[PDB]
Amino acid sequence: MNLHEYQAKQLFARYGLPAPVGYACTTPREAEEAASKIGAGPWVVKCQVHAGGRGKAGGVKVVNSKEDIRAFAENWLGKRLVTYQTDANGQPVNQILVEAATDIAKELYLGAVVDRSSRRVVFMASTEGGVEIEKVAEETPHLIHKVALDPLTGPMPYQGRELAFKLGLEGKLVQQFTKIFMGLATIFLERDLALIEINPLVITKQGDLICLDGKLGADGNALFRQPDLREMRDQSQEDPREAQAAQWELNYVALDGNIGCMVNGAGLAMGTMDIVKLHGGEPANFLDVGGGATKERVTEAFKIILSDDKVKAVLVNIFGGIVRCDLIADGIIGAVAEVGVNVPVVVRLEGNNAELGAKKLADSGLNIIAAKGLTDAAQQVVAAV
């Protein structure tokens, strides 16, 4: 789960880390009134969307007058912003962060993630601030320094200093950096974070470290013990259908193709999408049926897949699971007649009563094609289009 910049900044403030003075606004009036609450200009105005590359898209600006602030707000609130990290629709801007401008001396990079490989929370620092860190890591991997939190001891100051020195900081900047490393490391462990990114971590002309931007990711699996974070979720940033699916114990992710897929199992779902690709098809979505393929759940899945008009055919592929195939075939039919499915549905059943069910489908009369095995079913749907 992602957080907005303004939400991360609030969190930093709670742990005493430094961020610029700012206010999150929902109306142009709030936006323009933030001016004088902050002080003398100029000010930074930033659209608040989960994606990055907001700068490039023109969603971040430095302005000089209260009027310019109002103008920005008017221009964006309620609109969708498309950056190179958002799909083609972009994400809805419902808040503008208005903060004080910062006198930038130098731009650094500080970040942490769980390293799957070493099974540790790893922190990374670099002097290449203001650049997408994956570029740096590919081109100049030697400019990224790392430390790993020891689960036995927790973050230690020596690790903070280590990074501080490798970046070539000295004096009070070494203390400041250490304290920030310690803060972030703690927030990470305490709030069950999955990812932290301060890009850029700035050294101000006046000689202090300050977190200009902030990007947090929380581990969804831990929300049951992160009540505050739970409340901070902003569904407006996600494809609504994803949440809708989740209520029904389905894992949905839309793609661009014309062949819908309904499979039970994350692996089998990804496999099915691939074999349809192999045979010239274009998968239109990933949908994993978590719950038992009951009538109600299967109906729901159909509603969701078909919410997209690019869909020309649907491939159902159900291996085993805790529901007898004949019952599944039953549900698939009700689903089709009740939802009013127009496109042709290819089905591949496997397990208890697989053949009895495939007959039920075939005798139904509807445009349901019972496939004889994976590859056939693949060819069938690809063919149906």
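Residue numbers here begin at 1 and follow the sequence given.
For the pair 376-384 and 3-11, the record assigns the higher mean C-alpha temperature factor to 376-384. Relative to one another, 181-189 and 275-283 have unequal mean CA B-factors, and 275-283 is the one with the higher figure. Out of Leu17, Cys25, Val21, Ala362, the entry records its largest CA B-factor for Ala362. Per the PDB entry, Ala57 shows the highest C-alpha temperature factor of the residues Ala57, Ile38, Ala31, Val44. In this PDB entry, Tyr84 carries a Cα temperature factor that places it within the highest third of its chain's modelled residues.
Ranked against the other modelled residues of its chain, the C-alpha B-factor of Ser236 as given in the entry falls in the middle third. Remark: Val314 belongs to the middle third of its chain, ranked by C-alpha B-factor as recorded.
In this PDB entry, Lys166 carries a Cα temperature factor that places it within the middle third of its chain's modelled residues. Looking at the C-alpha B-factors along this chain, the one for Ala335 belongs to the highest third.
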